[PDB]
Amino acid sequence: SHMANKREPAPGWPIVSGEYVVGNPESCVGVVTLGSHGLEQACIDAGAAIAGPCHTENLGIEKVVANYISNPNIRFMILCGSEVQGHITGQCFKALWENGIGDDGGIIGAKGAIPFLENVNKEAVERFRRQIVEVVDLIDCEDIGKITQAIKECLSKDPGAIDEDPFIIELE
């Protein structure tokens, strides 16, 4: 029963190049599709701000964190698609949000092979953790019908942008 407040993303958003499709930049929902193919367009059509795969539990996670915190409008992350064996990227991303990172850049509680953030610092991680108000765990789910329902549920709960400027973290 509300009109959610909105902010301008960083100029050029998404600034970090990668494998994703861009949607409505004022959408409050981002979607990570892990190891699956073919889910991205449907997520954008459902209303996502951005949707794309995430293969590695280091660089992959950094590019997602960097492109979400440069857009204050994004308040939800949906994790869906097949888990990556060895990388276990979905579990690593959940652990980042739940626990943060160590002094060494290691994701606390992560089960993947190389869960280290070399470029994304403690301040950027804490911005990610207060900007994203909820992580929706649909890990290993490839039902586009369920995933789109999750997207619309988030959109109906839009709490508006975080009241901070875009956060710019430089990657490699």
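Heads up: residue numbers just count along the shown sequence, starting at 1.
- For the pair 1-9 and 162-170, the mean B factor over Cα atoms is greater in 1-9.
- According to the PDB record, 153-161 carries the higher mean C-alpha B-factor of the two stretches 153-161 and 10-18.
- Across the residues 146, 63, 129, 55, the deposited record lists the maximum Cα B factor for 146.
- The maximum CA B-factor among the listed residues 134, 26, 137, 103, taken from the PDB record, is found at 103.
- Among the modelled residues of its chain, residue 92 has a C-alpha B-factor that falls in the middle third according to the deposited record.
- Among all modelled residues in its chain, residue 41 ranks in the highest third by Cα B-factor.
- When the modelled residues of the chain are ordered by their C-alpha B factor, residue 112 lands in the middle third.
- Per the deposited record, the Cα B-factor of residue 34 falls in the lowest third when ranked against the other modelled residues of its chain.
- Ranked against the other modelled residues of its chain, the C-alpha B-factor of residue 48 as given in the entry falls in the middle third.
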